[PDB]
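Below are the chains, spelled out letter by letter.
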Amino acid sequence: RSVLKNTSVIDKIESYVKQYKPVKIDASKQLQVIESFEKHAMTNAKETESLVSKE
Amino acid sequence: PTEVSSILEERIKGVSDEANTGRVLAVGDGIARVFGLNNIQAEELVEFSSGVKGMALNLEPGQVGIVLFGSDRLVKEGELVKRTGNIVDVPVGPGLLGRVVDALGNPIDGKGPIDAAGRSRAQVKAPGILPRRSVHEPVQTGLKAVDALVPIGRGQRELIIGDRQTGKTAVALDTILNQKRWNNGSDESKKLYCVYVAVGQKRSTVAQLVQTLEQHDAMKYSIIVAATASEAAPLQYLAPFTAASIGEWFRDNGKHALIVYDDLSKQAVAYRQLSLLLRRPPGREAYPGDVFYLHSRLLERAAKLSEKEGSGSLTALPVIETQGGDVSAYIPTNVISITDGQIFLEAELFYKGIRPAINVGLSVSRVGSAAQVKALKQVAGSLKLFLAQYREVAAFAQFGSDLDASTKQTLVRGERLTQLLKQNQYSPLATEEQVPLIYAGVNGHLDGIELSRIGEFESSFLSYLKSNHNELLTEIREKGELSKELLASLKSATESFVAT
Amino acid sequence: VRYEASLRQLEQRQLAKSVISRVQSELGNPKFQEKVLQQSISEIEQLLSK
Ligand SMILES: Nc1ncnc2c1ncn2[C@@H]1O[C@H](COP(=O)(O)OP(=O)(O)NP(=O)(O)O)[C@@H](O)[C@H]1O
Ligand SMILES: [Mg+2]
């Protein structure tokens, strides 16, 4: 703020950069891997309860 | 702040108020003969009326013989010469840290006045027989080959010698860079301040270098002292001495400095130049008679003080440049026998891919294991001797007559050990990165792995050890000694990974 | 900061050069006060050392 040539310019930029800004992030709405986990257990892991157990 | 030019004019107002000798007889080639200066000391500083400073070296009967710190265009016959009343001396103290100064310790960086805790002389008696101790602290360079083969100690003098363009400066540099590990800490007694003396180097080359120091945030704990190519022979000759004092401050005050003399071959070239021109009769290869004394008294100034004296160390890495690999030429011979061991770098080694091009065969540290870290010591048991036996079997291999299971065995390991010590410039490694590498090589876990692939082994290994067995890596570091169980965890840990 | 420092340093260098030129011109304009002060300074210095 004391090294810059133009008055009240560093002070204004500092205040806006320390608040909040956008970022490349997502939410847990598109749960593609969570929905597939139940189906994979129900066809591969649950098949052993009746095939491996009978053998 | 509010007319800064007015504050400088008011402080430099009243100064000249109490200033009311010899005349010059002849002047040429950095030398001035001078009639008078009757009360002058041998090795005293003198100002010429013109401004340029000089040093008295030949107090003869009729006249005094002066080497100049400057050019001489500015000195004329009859011009009045003046006594200083002081022997050449330097500012010292931690104020120098970060600064680039000339031989007399003037800022040449642009960063303004040096603040000094005091002033030492350029020539100072080395600490005696009496106030010293055994070298027992490592000065870790982070150079696999060096820290396992020729381990350097806080207090020891260690020669770096080889031809031109072999990597002498590179070894010294990579050492400095490493100290970051400890200098950004707060434990003053683990810290190592570096002094880099540029002797006969071109300026841009000192530049190119301070840049790299900064690119590595390494400048905050260094002091470069520069007597570049163009400066007066006297400044070149002097620099190492002035520098030795700058870092003597650290040693005297409980801390540890590291002085790199890059390089003495030039200091002697210049010291030759004062003498031939002062007309002192020459020694071998036109050098002066005591060109040995020159270096001996500097290098002895490195030492590791006793507890009574503050336990401060000063450690020296002089550099020396040979020609055509000849180490039997005057100066190298001199210094070779002055120091506590050497690292020989070789051009042949270089071009076939050993970099650092250290010559294990010829490199020694005479302190030895005393200055190695216990852990490194433990897994480096016998490596250096083995690597010798390896060159042995590899010389017998040239007969190209069939090998047995014993010779092929040690050939496979030596080749992989060789390869495991290769290292990129600017990448010093922590001890705990070094240790498992060495252990993997020595105990022969590397021995069934392609030679071109040992490159990838190294980083892939370290990546995994950080990821998984970080608890070991942090013990090695904290403890510096592989306890019996730690050998176990490490043993397991390595095998594990070698099966991919 | 580099531009502010360069401007301040240029101004100080320009002011010093203008002050130096004025001091040299004044001495060449036969100064009667300089000649009288040079003789009185020499006598005072020699009496304090003897
Ligand atoms: N480990 C390394 N890997 C690759 N190149 C290196 C290594 N060490 C040094 N070099 C290179 O080899 C070149 C010369 O190295 P240098 O460190 O200046 O040796 P030197 O003996 O000081 N040469 P000089 O003092 O100018 O005669 C430099 O360009 C470095 O990049
Ligand atoms: Mg070099």
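Regarding how it was determined, this PDB entry cites cryo-EM in its header, along with a resolution of 3.6 Å.

Named according to the PDB entry, chain C is ATP synthase subunit 4, mitochondrial originating from Saccharomyces cerevisiae.

Identification of chain B as ATP synthase subunit alpha, mitochondrial from Saccharomyces cerevisiae is taken from the PDB entry. Recorded in UniProt under Subcellular location, the annotation for chain B is "Mitochondrion inner membrane". Here chain B is described in UniProt, under the heading Sequence similarities, as follows: "Belongs to the ATPase alpha/beta chains family."

Undergrad: Mind showing me how you'd approach the overall build of chain C here?
TA: Within chain C one finds 2 helices and 0 strands. Against the globule reference of 10 Å for 50 residues, chain C gives a C-alpha radius of gyration of 19 Å, more extended than a compact globule. Counting only C-alpha atoms, chain C reaches 55 × 30 × 10 Å along its principal axes.

Undergrad: Looking at this structure, how should I read the pattern of salt bridges?
TA: Side-chain pairs of opposite charge can arise where the charged atoms are in close proximity. Residues and elements named next belong to chain B. Ionic pairing is found between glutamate 248 and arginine 251, a salt bridge with its closest N-O pair at 3.9 Å. You can see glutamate 248 and its partner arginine 251 sitting in helix α6 (residues 233-252), 3 residues apart, about one turn around the helix. A salt bridge links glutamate 248 to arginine 301; the shortest N-O distance between them is 2.7 Å. Placement of the pair is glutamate 248 in helix α6 and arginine 301 in the loop between α8 (291-299) and β14 (303-304), with a sequence separation of 53 residues.

Undergrad: I would appreciate a short explanation of the UniProt feature "binding site: ATP" in chain B in the present structure.
TA: Residues and elements named next belong to chain B. As recorded in UniProt, the feature "binding site: ATP" lies at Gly162, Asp163, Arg164, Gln165, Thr166, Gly167, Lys168 and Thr169. The topology assignment puts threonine 166 in the loop between β10 (159-162) and α3 (168-178). Here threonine 166 is in contact with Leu345, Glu346, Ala347 and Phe350, once residues within four sequence places are set aside. Among the polar contacts listed, one links the side chain of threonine 166 to the backbone oxygen of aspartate 163, at a separation of 2.8 Å. If you trace the backbone, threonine 169 turns up in helix α3.

Undergrad: Looking at this model, I keep getting lost on the packing of aromatic side chains. Mind explaining?
TA: Here a ring pair, both rings aromatic, is described through the centre-centre distance and the interplanar angle of the planes. Residues and elements named next belong to chain B. Relative to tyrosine 330, the ring of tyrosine 287 lies with its centre 5.8 Å away and its plane at 80 degrees, an arrangement referred to as edge-to-face. With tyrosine 287 in the loop between α7 (264-278) and α8 and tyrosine 330 in helix α9 (residues 330-338), this pair connects stretches of sequence that are 43 residues apart. Directly above the aromatic system of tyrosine 287 lies the positively charged group of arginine 272, at a separation of 4.3 Å from the ring centroid. Between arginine 284 and the ring centre of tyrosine 330, over which it is positioned, the NZ or CZ distance is 4.7 Å.

Undergrad: Teacher, can you tell me more about unusual backbone geometry here?
TA: Residues apart from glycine generally show negative phi values, whereas peptide bonds are mostly found in trans. All names here are of chain B. Put simply, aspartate 262 and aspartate 263 share a cis peptide bond, and its omega is 15 degrees. In this structure, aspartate 263 sits in the loop between β13 (256-262) and α7. With an omega dihedral of 0 degrees, the bond running from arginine 355 to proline 356 counts as a cis peptide bond. With respect to the element layout, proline 356 can be found in the loop between α10 (347-351) and α11 (374-379). Here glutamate 285, not a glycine, exhibits a phi torsion of approximately 35 degrees, which is positive. Tracing the backbone shows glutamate 285 in the loop between α7 and α8.

Undergrad: How should I be thinking about the environment of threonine 333 of chain B in this particular structure?
TA: Residue and element names in this part refer to chain B. Structurally, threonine 333 is set in helix α9. Sequence separation between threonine 333 and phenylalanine 292 is 41 residues; the distance between their C-alpha atoms is 9.5 Å. Contact partners of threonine 333, with chain neighbours within four places excluded, come to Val327 and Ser328.

Undergrad: I would appreciate a short explanation of the environment of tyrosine 390 of chain B in the present structure.
TA: Residues and elements named next belong to chain B. Relative to the assigned elements, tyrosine 390 resides in helix α12 (residues 383-396). The sequence separation of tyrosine 390 and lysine 82 amounts to 308 residues, and the corresponding C-alpha distance is 65 Å. Those residues in contact with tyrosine 390 that lie beyond four places of it in its chain are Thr410, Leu411, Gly414, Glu415 and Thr418.

Undergrad: Got a minute to help me understand helix α5 (residues 203-215) of chain B in this structure?
TA: Given 3.6 residues per helical turn, the α-helix brings residues three or four places apart onto the same face. Under the 1.5 Å per step criterion, the end-to-end length of α5 of chain B is 18 Å for 13 residues, consistent within 8% with the ideal 18 Å. Downstream of α5 of chain B by a residue or two, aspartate 217 of chain B has a phi angle that is positive, lying close to 45 degrees.

Reading the values: the criteria
- Residues numbered from 1 in each chain as written, not as in the entry; some residues may be left out.
- Chains lettered and ligands numbered in written order.
- Part of a larger assembly, values for the part shown.
- Heavy atoms only, no water.
- Residues with missing side-chain atoms left out of burial classes, pairs and counts.
- UniProt positions renumbered as here; feature names shortened; annotations may be inferred.
- Helix = DSSP H or I, 4+ residues; strand = E, 2+ residues; numbered from the N terminus.
- Rg over C-alpha atoms; globule rule 2.2 N^0.38 Å.
- Salt bridge = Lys/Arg side-chain N within 4 Å of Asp/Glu carboxyl O.
- Contact = heavy atoms within 4.5 Å.
- Polar contact = N/O pair within 3.5 Å; in protein donor to acceptor, adjacent residues only side chain to side chain.
- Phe/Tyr/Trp six-rings, centres within 6.5 Å; stacked < 30°, edge-to-face > 60°.
- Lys NZ or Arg CZ within 6 Å of the ring centre and 35° of its normal.
- Expected span 1.5 Å × (residues − 1).

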